[PDB]
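In the block that follows, a single chain appears as structure tokens, in the form deposited without 2'-deoxyguanosine-5'-triphosphate.
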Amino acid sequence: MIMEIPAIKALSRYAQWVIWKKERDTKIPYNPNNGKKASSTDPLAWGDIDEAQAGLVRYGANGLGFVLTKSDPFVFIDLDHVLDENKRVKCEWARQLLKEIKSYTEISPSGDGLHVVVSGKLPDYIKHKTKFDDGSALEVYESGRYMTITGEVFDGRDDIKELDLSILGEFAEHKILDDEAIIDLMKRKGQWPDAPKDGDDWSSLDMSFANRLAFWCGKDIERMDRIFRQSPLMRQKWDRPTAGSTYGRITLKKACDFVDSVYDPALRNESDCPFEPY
């Protein structure tokens, strides 16, 4: 029973609830009082748990969600693709993480990931996103976006605990939505590639997309590489050594050498992209 779960009671104090629907592969948040899309930075587009539950029913939505802010104490930790078919932990780093950080844990909507909610603060020296080789991922946020709430409790972990989160340094990569602005810009211009199907020449699809990235990122080869890794054209081959470098690095360099134009926020030259949309 969702409302008897202690973690849900603590979150039900805040009027920061939304509902969500699945679109293709993405989960878009909606305003639970009028069924319109919701900003994750505007407070009055959200509701309390009761309004979100009434909105869930009213609009046939897929589930509830909770919007994180910098003033509330909650930290959202997303462990993606870390569960097997019998809902047990297959990844070692996840097993390590759940030993070190014990707090409210639930299974994701898809059923192959975990969410962890903690009362605390993120250290300022770690990246929000960390990919692993096998396919799993660690995402961490305390503000700016929403989080889906299923209520499907993992391992009886039903309560949000006040914890130190220094131990995320063992798992997350350290640092010393601007890439996401480019990704979001590319998606609404039709410049985001499809995942490859039966007939496709993947290596040729890489180069077409690498040419596009060179324009939109403006020949910043590291940003191109960081965006490429999030795209559906990513594979192990990207990091396979080739000659003195990798297949990926050689692909990104040739694209930078090839393309004549570069995207400029100042001049506003969206149309100057010489390649037509997908």
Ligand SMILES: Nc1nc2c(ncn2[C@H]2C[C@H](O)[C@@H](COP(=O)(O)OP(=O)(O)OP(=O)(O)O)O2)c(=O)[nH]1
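So that there is no doubt, residue numbering starts at 1 and follows the sequence shown. Residues that one form lacks are left out of the comparison. We call the rigid core the largest set of C-alpha positions that still match within 1.5 Å between the two forms.
- Unmodelled residues of the deposited sequence between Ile176 and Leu177: 10 or more.
- The mean C-alpha temperature factor is higher for 215-223 when 215-223 and 55-63 are set side by side.
- Once the C-alpha B-factors are averaged per stretch, 2-10 and 267-275 rank with 267-275 first.
- Highest CA B-factor among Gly151, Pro196, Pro73, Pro109, as stated in the entry: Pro196.
- Within the group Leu205, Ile167, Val116, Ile183, the record's highest C-alpha temperature factor is found at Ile183.
- In the PDB entry, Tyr146 places in the lowest third of its chain by CA B-factor.
- In the deposited entry, the Cα temperature factor of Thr105 places it in the lowest third of its chain's modelled residues.
Missing here is the form solved in complex with 2'-deoxyguanosine-5'-triphosphate; even so, the following discussion is about that form.
- Put simply, of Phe154, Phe171, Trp192, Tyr146 only one has a heavy atom within 4.5 Å of 2'-deoxyguanosine-5'-triphosphate in the deposited complex, and it is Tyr146.
- Here the chain stands by itself, but in the deposited complex one stretch of 119-127, 196-204, 74-82, 96-104, 74-82, has heavy atoms within 4.5 Å of 2'-deoxyguanosine-5'-triphosphate.
- In the deposited complex, 2'-deoxyguanosine-5'-triphosphate lies farther than 4.5 Å from every heavy atom of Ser208.
- Remark: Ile28 counts among the residues lining 2'-deoxyguanosine-5'-triphosphate in the deposited complex, judged by a heavy atom distance of 4.5 Å or less.
- Shown alone here, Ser110 lies within 4.5 Å of 2'-deoxyguanosine-5'-triphosphate in the deposited complex, counting heavy atoms only.
- Contact check for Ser40: a heavy atom falls within 4.5 Å of 2'-deoxyguanosine-5'-triphosphate in the deposited complex.
- Rigid-core fit between the shown form and the other one: of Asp159, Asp200, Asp134, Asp164, the one residue whose Cα shifts 2 angstroms or more is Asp200.
- Taking the rigid core as fixed, one finds a CA shift for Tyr30 smaller than 2 Å between the shown form and the other one.
- Once the rigid core is used as the reference frame, the Cα position of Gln236 differs between the shown form and the other one by 2 Å or more.
- After superposition on the rigid core, the Cα of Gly111 moves by less than 2 Å between the shown form and the other one.
- At a threshold of 2 Å in C-alpha displacement, with the core superposed and only residues shared by both forms counted, 177-278 is the one segment of at least 3 consecutive residues that shifts between the shown form and the other one.
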